[PDB]
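Have a look at the structure below, then the notes.
2 protein chains.
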Amino acid sequence: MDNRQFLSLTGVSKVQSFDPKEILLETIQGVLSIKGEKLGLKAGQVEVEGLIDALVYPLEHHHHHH
Amino acid sequence: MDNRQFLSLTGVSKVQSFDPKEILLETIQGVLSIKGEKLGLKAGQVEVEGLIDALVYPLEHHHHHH
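First to last, the sequence lines map onto chains A and B.
Per PDB author numbering: the first sequence = residues 1 to 40, 46 to 71.
Per PDB author numbering: the second sequence = residues 1 to 40, 46 to 71.
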């Protein structure tokens, strides 16, 4: 079926990197990493077109008991 | 600037849990979890506004351990 999706975000703190195979943008204070394939201004907003095959974001906050 | 940001996503298979302090949307690959505060329609699209302080997504797919 259609697994393609669009992801948009703004208020980015800085552009750590921008690649069609991986995009890294730091927002607020954490860093968001986008992984997928075929990831190809105004309002100061940015949009992205491609299928997300994975997402990784450090959750520096989890401690858990065991 | 600021910490508030706009985030929208489409092509979601089904909503698992929609809460203002937590959102779990079952989309391609698996389920995307979003954590923060104040995280909250035609076209079948979903829009969420708020400060994202943490993001957790399962990057399994293939085995990778050391």
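Note that the Cβ used here is the ideal one computed from N, Cα and C, for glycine as well.
Let me know if residue i comes out buried or exposed under the rule of 16 or more other beta-carbons within 10 Å of its beta-carbon.
i	result
B/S33	buried
A/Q29	exposed
A/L64	exposed
Please say whether residue j and residue i have beta carbons closer to each other than 9 angstroms?
i	j	result
A/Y62	B/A59	yes
B/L56	B/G40	no
A/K14	A/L25	yes
A/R4	A/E52	no
A/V31	A/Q16	yes
B/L9	B/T27	yes
B/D19	A/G11	no
Considering residue i, what are the terminal residues of the beta strand (DSSP E) in which it resides?
i	result
B/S33	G30 to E37
B/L60	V51 to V61
B/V15	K14 to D19
B/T27	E22 to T27
B/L9	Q5 to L9
- Residues from the stretch 4-38 of chain B in contact with chain A, defined by Cβ distance under 7 angstroms: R4, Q5, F6, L7, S8, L9, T10, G11, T27, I28, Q29 and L32
- Query: Using a beta-carbon distance cut-off of less than 7 angstroms, what residues from the stretch 51-71 of chain A approach chain B?
  - Reply: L56, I57, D58, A59, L60, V61, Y62, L64 and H66
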